[PDB]
Amino acid sequence: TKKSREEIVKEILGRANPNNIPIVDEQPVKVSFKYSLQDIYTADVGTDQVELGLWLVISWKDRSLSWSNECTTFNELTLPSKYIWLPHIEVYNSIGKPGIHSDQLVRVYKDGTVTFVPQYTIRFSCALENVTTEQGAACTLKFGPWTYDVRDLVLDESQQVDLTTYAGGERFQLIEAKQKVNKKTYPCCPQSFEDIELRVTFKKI
Amino acid sequence: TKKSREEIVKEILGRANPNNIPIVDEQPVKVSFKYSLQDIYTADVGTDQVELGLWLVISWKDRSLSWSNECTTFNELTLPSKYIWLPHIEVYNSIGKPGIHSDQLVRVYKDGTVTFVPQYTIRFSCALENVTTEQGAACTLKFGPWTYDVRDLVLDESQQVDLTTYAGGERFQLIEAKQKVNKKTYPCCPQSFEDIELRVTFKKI
Amino acid sequence: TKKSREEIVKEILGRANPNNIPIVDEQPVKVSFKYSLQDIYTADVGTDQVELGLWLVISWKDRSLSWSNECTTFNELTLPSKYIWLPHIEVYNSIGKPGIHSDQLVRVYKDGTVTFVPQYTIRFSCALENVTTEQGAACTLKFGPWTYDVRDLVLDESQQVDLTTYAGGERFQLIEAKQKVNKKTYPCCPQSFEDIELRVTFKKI
Amino acid sequence: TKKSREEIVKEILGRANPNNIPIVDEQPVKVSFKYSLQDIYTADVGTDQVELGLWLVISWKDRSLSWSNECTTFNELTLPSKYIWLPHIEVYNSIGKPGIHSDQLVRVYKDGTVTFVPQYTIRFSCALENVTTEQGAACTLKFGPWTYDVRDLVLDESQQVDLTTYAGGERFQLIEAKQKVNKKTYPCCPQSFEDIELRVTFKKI
Amino acid sequence: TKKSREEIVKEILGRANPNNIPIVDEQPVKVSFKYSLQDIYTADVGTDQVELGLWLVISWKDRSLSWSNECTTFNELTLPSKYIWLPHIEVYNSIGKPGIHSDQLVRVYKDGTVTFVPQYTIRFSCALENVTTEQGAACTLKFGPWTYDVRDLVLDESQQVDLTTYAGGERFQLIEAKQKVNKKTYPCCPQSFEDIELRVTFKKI
Amino acid sequence: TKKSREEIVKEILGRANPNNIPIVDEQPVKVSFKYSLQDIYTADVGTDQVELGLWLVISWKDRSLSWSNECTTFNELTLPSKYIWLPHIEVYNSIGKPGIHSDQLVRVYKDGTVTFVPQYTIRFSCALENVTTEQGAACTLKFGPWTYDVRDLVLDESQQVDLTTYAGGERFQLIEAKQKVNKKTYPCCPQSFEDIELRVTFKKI
Amino acid sequence: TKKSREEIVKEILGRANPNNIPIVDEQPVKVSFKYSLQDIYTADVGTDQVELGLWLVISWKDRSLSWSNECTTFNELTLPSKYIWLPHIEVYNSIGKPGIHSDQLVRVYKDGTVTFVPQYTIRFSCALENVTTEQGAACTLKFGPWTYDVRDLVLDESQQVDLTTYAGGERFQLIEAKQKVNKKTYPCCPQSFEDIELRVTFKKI
Amino acid sequence: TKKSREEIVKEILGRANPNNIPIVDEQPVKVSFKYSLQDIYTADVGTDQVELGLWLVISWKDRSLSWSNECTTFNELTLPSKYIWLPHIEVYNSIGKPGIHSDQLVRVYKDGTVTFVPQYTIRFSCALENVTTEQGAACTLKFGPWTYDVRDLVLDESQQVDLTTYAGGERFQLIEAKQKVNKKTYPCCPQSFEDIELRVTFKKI
Amino acid sequence: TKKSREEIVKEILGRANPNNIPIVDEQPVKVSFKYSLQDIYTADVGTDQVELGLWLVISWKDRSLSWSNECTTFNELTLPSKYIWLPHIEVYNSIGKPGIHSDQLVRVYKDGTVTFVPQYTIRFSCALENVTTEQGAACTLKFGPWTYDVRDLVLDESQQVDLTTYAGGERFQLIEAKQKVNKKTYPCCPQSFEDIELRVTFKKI
């Protein structure tokens, strides 16, 4: 459509950079992570797995170069996620491969900021037992870079959990959704690793 | 200028081939796609459209014939995009026709590989809401052949998203840019289609 | 078969364009979307997911160049969807990856118009409860570009929903199928995003 | 093994042609289609889907060039289906992606004729109801090029349906299998499209 | 590790040959096939499908060239199956795509002999009925090149079936496992095709 | 981010080496294997398959070259597993393809040591019978290079099995987890092969 | 044993190459040389000869052709040294013909790399005088291609000398073992020749 | 002599097989090794070498083909060792080339088993010191395939060491002879290698 | 390595000539002989034999044919001595067979000139008596073709003897080394025979 926009895409995609961390100076890359819990689709007592429909908000800043003098033009362009590098964030205890609800498209900004929000259905281990009870049940899943240590990737969160999107007539009510950031160590490695633990406590309405 | 170069252009352009997929054997054509997010130019709250200045790196191999014995000569020639066939890749949800920042020139190589990188300004649907907040906002746009199914065209990406080019003093910071490849189906057709979802998560500095 | 047709394909595919939005001027790309609800295959009470067999009519105009003087020739050619860029349109709340009923083939026209209709089976969240009752049940799913904001992609619809194709002896009767276009905002982004909300109200015969 | 055979493969594969319809003159490509119904594996009442194990006989003629003078040599060579272009024929109403029983190998002949027969398991919509009854039940599925109109691809069938292969002790008896060719129109397009409607009427033994 | 070994791999992989049958003289390629029935995992009465865990022993000789004078060195090297051509052998009546238990690694020998043994879980059609009875039940599945006729590929077997590996406490007892080679004709083609029919007769312990 | 780190990745990835065993001298590659049994998710009596959630610790040393004088810099870098060669270790009797919980990221060290730990869900054959009983049940699965003989790959283990990670409120209690290394021979080959047999004995709490 | 391995040997040995340097392009062949000094067996004062038990690590890359598509197979095969060409490396001042401790077997790798390590007992000229003294005695022997000039063969060494293998209770202690590469000229020929000078300094414990 | 025997030799020798490992399936070849220590002939204090008169029992199974129907005939035939392939087993630390006491004749059996027992005099490094003392002295020598890794060749031993044959009035008494099998690794290669370590502890009577 | 070099070897070795004196015209072949006395290793009073470490420089011209037009290519190639004919020169009074220090490699030149230099240890008769005395002792050994008369082979020498190489700290000092050519007659034959008499006069330092 717009020629101005067209040059933007081409310049960044063609000339700008291959998979590599563009930032030479000592700076780790921080990725903000937010969860919007859309719905708790199902619970399996025998399996002890629960399914969550979530969208993950991920934001990071990449270094981009401005070759052509930027003029008032197309500020944000949308591109497929494949085009650019994305973070490794994954659920530590997912029973199965997560499925993707939405297309992989990411908006990029001139400053270099990128916003990618996938929609996912994830199955993770959690005992459903006592969902019916008033107390309800609690489940926790931790998300975080598999490979990256705290040094390489720093995870940050704005708030606890986004309930607002939550479906009004979901099978299960949400007593409370929390996303607490924590740093933890593994026997594999001396480096600290940061993950966000999403603890959802819910019960049947 | 160089006579040697001159013959090259003429031979490929004049004799070599019309719009047709030169590859007879069963081979789909794969096109690598990469996005270099130059900048997020603007956000419109009322419109709920965002503008991205991106350049798209597109690479594909075409079959070419070498008539004259190739001697050490002009390895890569540049020609207008109109001269050769280009892929259909388009943004699924662009509010307006994309504009083209750069001239349509593509470098071609003797092996037949072609590299075309347009610069674009694209306006796509995305809610700006909560850009100011720390969490930021997420936008997704998917790019992919409109017509071509996975069989005909296969899309590949090297990395997530190229932040490096991103303008240092852009209005919006890039929390993270991702390009995830995904295959999806449409009710129109039983064939799988592949698109790259570019998910950019960004916020105001 | 026809040589004339053959040149057409080659010219557009080989020379014409890579994944990039060919439209330089300020024009968003509008994609018309239509749904033909073939059948409501199944409902799962425990899962609270419903399966729809639909075909999606998608139309868009791409800019193409006519190098060789067009003579009376092959007006529309069919090509795999992979060959050309396709839009990102996806169901917001699909429980699982959609499957593709039909091959990914898209008809293209000289004007540049492209018509792609995939057939899909989609599973989306919806409570089946009270299907048996006379009132029936209502389900809604929204389709729209994930990444693209209203600026980049504009969605349009001709009519409400195509019932005619609907299987005569389907398990569930269709009380009414509607496709209303709506523009909505997300906290991620200040841009407006447009989606088509498909609201189907059906009950067991 | 045989050098003579070896040259054949290489010549056709390497030099002979890329995905393109080799036939310049005005000739549509006709593809004969035949179904050998191996067995009706299962019926799902709740799902209203039925599974068929079939092999599809597909024959078409491609234009090949004979460079080296053909001498008495290897008349038919077998190659992977990926190597050469295959038709888009797909089931219009398949609930899920078809699975492939056999390897994708196709025999090619010097005349250019190609015979490809895949074995498939297909799940398509059909109500099982009253399978037990003497009348039995009827199901229909139509196969045909998704993209190709009658102009581009013409479908032909030799006979009604091949019962002989049918498993002797199948769960369901075959009252009659028919493959009638029909041409139909769609609202999308003014062109006629041809499909083969496979109507199988079967009951439990 | 060993430099000597390293050259071996590189020479064969890099220089030695592309997918092509290296044997120019009139020689068909014979592939020995053996089945080691590990276990009969499950039976489905409704589905009428049975699952077998088997590993397939496949041996064939490929022509290799010895460039560097072979010295006492690494006699057999292991490489991924993708690296070299493998035979098309597939189960004629598999209900679903077979899954692969083991990594695809194949040992190659200087003489050119190659041994590849995949582990598979295969689901094929077979009525479970009367498994409980003393007589037990019989199932047959035939394996053989899909594309290749007897001329191109000849199948050979050393013995009937390898029971020894069979799990001691399997759900089902093996009354007898047989692998008889047979040549058969199809209406598609005048050429004879050879397959190995694996007939297993088993019952519940 | 850090330029120093950036050069490291590029040098190793771009210049350092293709899939090949870098070690010329006579040295087999030893891979240490450790299992951290996260949880026994489920048992299927009919199927006789059990599901384990495990993460596999794999360590090996690869030969790397230091071109640029290493200065105090980024000691360990994380990269995708695809980038570097990984071992073939697979479960001998997995009923289905294992799924991957975590992203494929591997930390590499300057010495050349590499640590890769995937998280997996694996389904393997094992009779659940008598889980309820006090004695409990025993299951064994062996892991080891499919292709590689003891000569090429040597497997080593530090300890028996890592219980500590085991979920506190898992459906099944762990009576004892053991990983014993054993060398075994197959009729296919005269070479010894080494595998680690993971024998887990567990019961319902 | 393994058929796959068997083909490998045969292909390389039978078809691949006669004594000839397979490398047409201008490339010299480099042979890495390493010494593992096993033990200083004896010293003869009258003779002024010393005996060393060493194994020589020799690595070189030969060009091999891969005819049959390499599949995951036997990566390294062992063959007798007679089968393949070996380098001429010899001790310049050996009093007697060296004897061979080990069988002449060499491991070869697919890449073409070959690793051959003979064990030798060599007697070379060196005065034993003052072995008893604290200073000890020094001996030097140079190894290198007799015929080959630097152009044809290039010698390389990884490290100084491998002491680790050295027998703990050897008659003589090793003060230091060094292998320095040097290029030298001879009056016979204008070409430079490269040899590795092994200088061992040892004394009686 | 016997015609029946004569055909046997000719058939195996002439038609049956060249140096190649006849076993295609994945089977390593195991060679049992046994030592019969006939006598410790001499000890050299200055040399620090000891001489052993031993006969080595070597057994292996080769694959043979039975063309002519075997009738009751000559079960075992004797042939020269040169006629058939023999294993590489050699002493790791032999000071000099071993000499052969007996003719190289090997008995072969119809099953394919071969028994070859050479008589050898071997000189290996070992300090004689303190032979006179009551404690005596210990020497160790390891035997094993030079080239073959554990994968290719597996070594097995029935018992510790055969003292019975030991000469009654030998110069040295045998305190204990042991043959322990061990697997070891070398820096050259990642593969494990197996050798039998013969540790003899003896003293002067 | 170099293809150009490769052809050279093959042409001369394969096509050029068998053991035969290529020179038809009346020309005797002259062989220049030079001695480089490396060291006088030992003297045996009882034996009256002395050992010399020498290298013999031998040069001769052979007639070669240039088939392919020689282009600037590999001027000198190295080949094993076995490949080409070498002269019979031997020591008249050697007590034992000479041993060979170096590999038998000979450099050949396009003109046809060949340079072969073996390193030898030779034991010849000579009384050691009075080595200690100041006068020292003299020894003589004559070298020359055994069979060839002066007519067939002519021996020539450039200089007396090459002392420079002589080891600095040899057991014996060299008072003077001379190589005088002489022609002598034997009672066997009327033809004159030419030999070089190497007279070395040496004493203990």
# chains A, B, ... in the order shown; residues from 1 in each chain; ligands from 1

$ closest_atom_pairs --of "chain G" --to "chain F" --cutoff "9 Å" --atoms "only C-alpha atoms" --output "Markdown table"
| residue | atom | partner | partner_atom | distance |
| --- | --- | --- | --- | --- |
| G:1 | CA | F:189 | CA | 5.1 |
| G:2 | CA | F:189 | CA | 5.3 |
| G:3 | CA | F:188 | CA | 8.4 |
| G:57 | CA | F:25 | CA | 7.1 |
| G:58 | CA | F:25 | CA | 8.0 |
| G:59 | CA | F:24 | CA | 6.6 |
| G:60 | CA | F:24 | CA | 8.5 |
| G:72 | CA | F:147 | CA | 7.1 |
| G:73 | CA | F:147 | CA | 6.8 |
| G:74 | CA | F:147 | CA | 7.7 |
| G:75 | CA | F:152 | CA | 8.3 |
| G:76 | CA | F:152 | CA | 8.0 |
| G:107 | CA | F:26 | CA | 8.2 |
| G:111 | CA | F:20 | CA | 7.5 |
| G:113 | CA | F:24 | CA | 7.1 |
| G:114 | CA | F:24 | CA | 7.6 |
| G:115 | CA | F:25 | CA | 6.3 |
| G:116 | CA | F:26 | CA | 8.4 |
| G:117 | CA | F:26 | CA | 8.3 |

$ write_last_selection --atoms "N, CA and C atoms" --output "compact mmCIF listing (two decimals), in the first residue's frame"
# COMPACT_ATOMS: atom_id res chain seq x y z
N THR G 1 28.40 -58.19 9.94
CA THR G 1 27.31 -57.96 10.91
C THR G 1 26.25 -57.10 10.31
N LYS G 2 26.41 -55.77 10.43
CA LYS G 2 25.40 -54.90 9.91
C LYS G 2 25.59 -54.79 8.44
N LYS G 3 24.49 -54.96 7.69
CA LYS G 3 24.52 -54.87 6.26
C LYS G 3 24.86 -53.46 5.88
N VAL G 57 50.14 -40.53 16.73
CA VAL G 57 48.81 -40.21 16.32
C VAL G 57 48.93 -39.52 15.01
N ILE G 58 48.26 -40.05 13.97
CA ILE G 58 48.37 -39.41 12.70
C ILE G 58 46.99 -39.16 12.19
N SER G 59 46.72 -37.93 11.72
CA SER G 59 45.40 -37.67 11.22
C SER G 59 45.52 -36.96 9.92
N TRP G 60 44.64 -37.32 8.95
CA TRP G 60 44.66 -36.65 7.69
C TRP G 60 43.29 -36.76 7.10
N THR G 72 21.45 -42.64 8.22
CA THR G 72 22.07 -42.83 9.50
C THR G 72 22.61 -44.21 9.49
N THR G 73 23.95 -44.32 9.51
CA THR G 73 24.54 -45.62 9.42
C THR G 73 25.81 -45.59 10.20
N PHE G 74 26.69 -46.57 9.91
CA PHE G 74 27.95 -46.79 10.53
C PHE G 74 28.83 -45.64 10.12
N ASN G 75 29.09 -44.71 11.06
CA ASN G 75 29.83 -43.50 10.84
C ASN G 75 31.29 -43.75 10.62
N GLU G 76 31.90 -44.60 11.48
CA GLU G 76 33.31 -44.82 11.35
C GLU G 76 33.49 -46.27 11.16
N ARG G 107 40.87 -46.00 11.71
CA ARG G 107 39.47 -45.68 11.69
C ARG G 107 39.28 -44.63 10.65
N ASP G 111 33.47 -38.00 6.76
CA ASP G 111 33.96 -36.75 6.24
C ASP G 111 35.20 -37.05 5.45
N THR G 113 37.95 -38.06 7.13
CA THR G 113 39.05 -37.99 8.05
C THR G 113 39.45 -39.37 8.43
N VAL G 114 40.77 -39.57 8.62
CA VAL G 114 41.28 -40.86 8.96
C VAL G 114 42.17 -40.71 10.15
N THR G 115 42.06 -41.65 11.11
CA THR G 115 42.92 -41.60 12.26
C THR G 115 43.64 -42.91 12.35
N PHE G 116 44.98 -42.86 12.31
CA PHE G 116 45.77 -44.06 12.37
C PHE G 116 46.76 -43.89 13.47
N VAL G 117 46.82 -44.85 14.42
CA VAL G 117 47.80 -44.71 15.45
C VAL G 117 48.53 -46.01 15.62

$ residues_around --residues "residue E:171" --least-positions-apart "2" --cutoff "8 Å" --atoms "only C-alpha atoms" --output "PyMOL selection string"
chain E and resi 40-42+169+173+204-205

$ write_last_selection --atoms "N, CA and C atoms" --output "PDB file, in the first residue's frame"
ATOM      1  N   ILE E  40       2.468 -56.321  21.406  1.00  0.00           N
ATOM      2  CA  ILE E  40       1.190 -55.914  20.891  1.00  0.00           C
ATOM      3  C   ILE E  40       0.613 -55.074  21.982  1.00  0.00           C
ATOM      4  N   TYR E  41       0.738 -53.744  21.829  1.00  0.00           N
ATOM      5  CA  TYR E  41       0.351 -52.821  22.852  1.00  0.00           C
ATOM      6  C   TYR E  41      -1.126 -52.813  23.094  1.00  0.00           C
ATOM      7  N   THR E  42      -1.954 -52.673  22.041  1.00  0.00           N
ATOM      8  CA  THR E  42      -3.342 -52.545  22.380  1.00  0.00           C
ATOM      9  C   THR E  42      -4.214 -53.037  21.274  1.00  0.00           C
ATOM     10  N   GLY E 169       5.855 -60.044  29.672  1.00  0.00           N
ATOM     11  CA  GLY E 169       4.547 -59.887  30.230  1.00  0.00           C
ATOM     12  C   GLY E 169       3.799 -58.923  29.381  1.00  0.00           C
ATOM     13  N   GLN E 173      -0.447 -62.799  24.214  1.00  0.00           N
ATOM     14  CA  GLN E 173       0.480 -63.860  23.943  1.00  0.00           C
ATOM     15  C   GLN E 173       0.577 -64.004  22.458  1.00  0.00           C
ATOM     16  N   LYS E 204      -5.113 -63.192  24.184  1.00  0.00           N
ATOM     17  CA  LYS E 204      -4.840 -62.737  25.516  1.00  0.00           C
ATOM     18  C   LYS E 204      -4.313 -63.904  26.279  1.00  0.00           C
ATOM     19  N   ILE E 205      -3.326 -63.649  27.156  1.00  0.00           N
ATOM     20  CA  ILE E 205      -2.728 -64.705  27.917  1.00  0.00           C
ATOM     21  C   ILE E 205      -3.814 -65.509  28.631  1.00  0.00           C
TER      22      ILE E 205
END

$ residues_around --residues "residue G:130" --least-positions-apart "6" --cutoff "10 Å" --atoms "only C-alpha atoms" --output "list in words"
residues 136, 137, 138, 203 and 204 of chain G

$ residues_around --residues "residue G:125" --least-positions-apart "2" --cutoff "10 Å" --atoms "only C-alpha atoms" --output "VMD selection string"
(chain G and resid 44 47 to 51 92 to 96 122 to 123 127 to 128 139 to 141) or (chain I and resid 39 41 53 167 170)

$ write_last_selection --atoms "C-alpha atoms" --output "PDB file, in the first residue's frame"
ATOM      1  CA  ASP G  44      72.753 -48.687  25.428  1.00  0.00           C
ATOM      2  CA  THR G  47      75.712 -48.570  21.130  1.00  0.00           C
ATOM      3  CA  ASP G  48      74.645 -45.060  22.006  1.00  0.00           C
ATOM      4  CA  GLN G  49      71.147 -45.989  21.001  1.00  0.00           C
ATOM      5  CA  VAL G  50      68.004 -45.504  23.017  1.00  0.00           C
ATOM      6  CA  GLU G  51      64.708 -47.268  22.706  1.00  0.00           C
ATOM      7  CA  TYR G  92      65.358 -39.536  10.524  1.00  0.00           C
ATOM      8  CA  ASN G  93      67.887 -41.266  12.675  1.00  0.00           C
ATOM      9  CA  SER G  94      66.603 -44.677  13.519  1.00  0.00           C
ATOM     10  CA  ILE G  95      69.336 -47.171  14.111  1.00  0.00           C
ATOM     11  CA  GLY G  96      67.091 -50.050  13.215  1.00  0.00           C
ATOM     12  CA  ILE G 122      62.097 -47.247  17.908  1.00  0.00           C
ATOM     13  CA  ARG G 123      65.789 -47.280  18.339  1.00  0.00           C
ATOM     14  CA  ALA G 127      74.196 -40.695  23.836  1.00  0.00           C
ATOM     15  CA  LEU G 128      73.037 -42.039  27.188  1.00  0.00           C
ATOM     16  CA  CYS G 139      68.018 -36.705  22.870  1.00  0.00           C
ATOM     17  CA  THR G 140      66.393 -35.525  19.707  1.00  0.00           C
ATOM     18  CA  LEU G 141      64.854 -37.355  16.807  1.00  0.00           C
TER      19      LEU G 141
ATOM     20  CA  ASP I  39      77.603 -41.016  12.137  1.00  0.00           C
ATOM     21  CA  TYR I  41      77.422 -45.622  15.507  1.00  0.00           C
ATOM     22  CA  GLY I  53      74.710 -44.327   9.537  1.00  0.00           C
ATOM     23  CA  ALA I 167      76.920 -35.591  14.302  1.00  0.00           C
ATOM     24  CA  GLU I 170      79.565 -38.717  17.793  1.00  0.00           C
TER      25      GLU I 170
END

$ closest_residue --among "A:106, A:89, A:134, A:129" --to "residue A:193" --atoms "only C-alpha atoms"
A:89

$ atom_distance --atom1 "atom CA of residue G:43" --atom2 "atom CA of residue G:133"
14.6 Å

$ atom_distance --atom1 "atom CA of residue I:29" --atom2 "atom CA of residue I:155"
8.6 Å

$ select_by_dssp --residues "chain C" --states "strand (DSSP E)" --output "PyMOL selection string"
chain C and resi 29-44+49-61+76-80+90-91+99-100+105-109+113-116+119-125+137-144+152-156+172-186+189-204

$ write_last_selection --atoms "C-alpha atoms" --output "CSV table (one decimal), in the first residue's frame"
chain,number,residue,atom,x,y,z
C,29,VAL,CA,-5.6,-3.2,2.4
C,30,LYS,CA,-9.2,-4.2,2.8
C,31,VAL,CA,-10.1,-7.9,3.0
C,32,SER,CA,-13.7,-8.9,2.6
C,33,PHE,CA,-14.6,-11.8,4.8
C,34,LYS,CA,-17.6,-14.0,4.5
C,35,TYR,CA,-18.5,-17.2,6.3
C,36,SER,CA,-20.3,-20.1,4.9
C,37,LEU,CA,-21.3,-22.2,7.8
C,38,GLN,CA,-21.3,-25.7,6.5
C,39,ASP,CA,-22.2,-27.6,9.7
C,40,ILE,CA,-21.9,-27.7,13.4
C,41,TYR,CA,-20.2,-31.1,13.7
C,42,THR,CA,-20.1,-31.5,17.4
C,43,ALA,CA,-20.5,-30.1,20.9
C,44,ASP,CA,-18.6,-31.2,24.0
C,49,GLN,CA,-15.9,-26.6,23.0
C,50,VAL,CA,-17.9,-26.7,19.8
C,51,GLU,CA,-16.8,-27.7,16.3
C,52,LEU,CA,-17.7,-25.8,13.2
C,53,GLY,CA,-17.1,-26.8,9.6
C,54,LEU,CA,-16.9,-23.5,7.7
C,55,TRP,CA,-15.3,-22.2,4.6
C,56,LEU,CA,-13.9,-18.7,4.7
C,57,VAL,CA,-14.3,-16.5,1.7
C,58,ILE,CA,-11.4,-14.0,1.6
C,59,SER,CA,-10.9,-11.5,-1.0
C,60,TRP,CA,-8.3,-8.8,-1.4
C,61,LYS,CA,-6.6,-6.8,-4.1
C,76,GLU,CA,-7.6,-16.2,-13.8
C,77,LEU,CA,-4.9,-18.6,-12.8
C,78,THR,CA,-4.9,-20.9,-9.8
C,79,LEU,CA,-1.9,-21.2,-7.6
C,80,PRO,CA,-1.0,-22.5,-4.3
C,90,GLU,CA,-7.6,-16.1,12.8
C,91,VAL,CA,-10.2,-17.1,15.4
C,99,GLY,CA,-7.5,-28.1,10.5
C,100,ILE,CA,-7.7,-27.6,6.7
C,105,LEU,CA,-5.4,-23.0,-3.8
C,106,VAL,CA,-6.2,-19.4,-4.6
C,107,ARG,CA,-7.6,-17.9,-7.8
C,108,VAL,CA,-5.9,-14.8,-8.9
C,109,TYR,CA,-7.2,-12.3,-11.4
C,113,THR,CA,-7.9,-9.5,-7.1
C,114,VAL,CA,-7.4,-12.7,-5.3
C,115,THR,CA,-10.0,-15.1,-4.0
C,116,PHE,CA,-9.0,-17.6,-1.4
C,119,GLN,CA,-12.4,-25.0,4.3
C,120,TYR,CA,-11.8,-25.3,8.0
C,121,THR,CA,-12.8,-27.3,11.0
C,122,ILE,CA,-12.5,-25.1,14.0
C,123,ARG,CA,-12.9,-25.8,17.7
C,124,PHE,CA,-13.7,-22.8,19.8
C,125,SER,CA,-14.8,-22.2,23.3
C,137,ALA,CA,-27.6,-21.6,22.9
C,138,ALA,CA,-25.5,-18.8,21.6
C,139,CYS,CA,-21.8,-18.9,20.8
C,140,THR,CA,-19.6,-16.2,19.5
C,141,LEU,CA,-16.2,-16.2,17.9
C,142,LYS,CA,-14.3,-13.3,16.5
C,143,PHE,CA,-12.1,-13.4,13.5
C,144,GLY,CA,-9.7,-10.8,12.5
C,152,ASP,CA,-3.1,-1.7,8.1
C,153,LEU,CA,-6.0,-4.0,7.4
C,154,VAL,CA,-9.7,-3.2,7.0
C,155,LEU,CA,-12.2,-5.9,7.2
C,156,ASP,CA,-15.5,-5.8,5.3
C,172,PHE,CA,-27.9,-29.0,15.1
C,173,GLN,CA,-30.4,-26.6,13.7
C,174,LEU,CA,-29.3,-23.0,13.0
C,175,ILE,CA,-31.5,-20.5,14.6
C,176,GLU,CA,-29.5,-17.6,13.2
C,177,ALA,CA,-26.0,-17.0,12.0
C,178,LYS,CA,-24.6,-13.5,12.1
C,179,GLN,CA,-21.4,-11.8,11.2
C,180,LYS,CA,-21.2,-8.4,12.6
C,181,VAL,CA,-18.1,-6.3,12.0
C,182,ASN,CA,-16.8,-4.5,15.0
C,183,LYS,CA,-13.8,-2.4,15.8
C,184,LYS,CA,-12.3,-2.9,19.2
C,185,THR,CA,-9.3,-1.8,21.2
C,186,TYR,CA,-6.9,-3.7,23.3
C,189,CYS,CA,-2.2,-0.9,21.6
C,190,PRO,CA,-3.8,2.4,21.0
C,191,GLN,CA,-4.8,1.4,17.5
C,192,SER,CA,-8.2,0.2,16.7
C,193,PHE,CA,-8.5,-3.4,15.5
C,194,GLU,CA,-11.3,-4.7,13.4
C,195,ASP,CA,-12.7,-8.2,13.8
C,196,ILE,CA,-15.8,-9.9,12.5
C,197,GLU,CA,-17.8,-11.5,15.3
C,198,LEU,CA,-19.5,-14.6,14.2
C,199,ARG,CA,-22.4,-15.3,16.5
C,200,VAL,CA,-24.2,-18.4,15.9
C,201,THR,CA,-27.3,-19.4,17.7
C,202,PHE,CA,-28.3,-23.0,17.3
C,203,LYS,CA,-30.1,-25.9,19.0
C,204,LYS,CA,-30.6,-29.6,18.5

$ select_by_dssp --residues "chain C" --states "helix (DSSP H, G or I)" --output "list in words"
residues 3, 4, 5, 6, 7, 8, 9, 10, 11, 12, 13 and 14 of chain C

$ atom_distance --atom1 "atom CA of residue F:70" --atom2 "atom CA of residue F:13"
15.9 Å

$ residues_around --residues "residue E:63" --least-positions-apart "3" --cutoff "6 Å" --atoms "only C-alpha atoms" --output "list in words"
residues 22 and 112 of chain E; 11, 67 and 68 of chain G

$ write_last_selection --atoms "C-alpha atoms" --output "PDB file, in the first residue's frame"
ATOM      1  CA  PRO E  22      24.149 -45.181  -7.937  1.00  0.00           C
ATOM      2  CA  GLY E 112      28.434 -49.882   1.083  1.00  0.00           C
TER       3      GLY E 112
ATOM      4  CA  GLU G  11      31.844 -48.974  -1.554  1.00  0.00           C
ATOM      5  CA  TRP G  67      27.598 -42.682  -3.889  1.00  0.00           C
ATOM      6  CA  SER G  68      24.710 -44.133  -2.030  1.00  0.00           C
TER       7      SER G  68
END
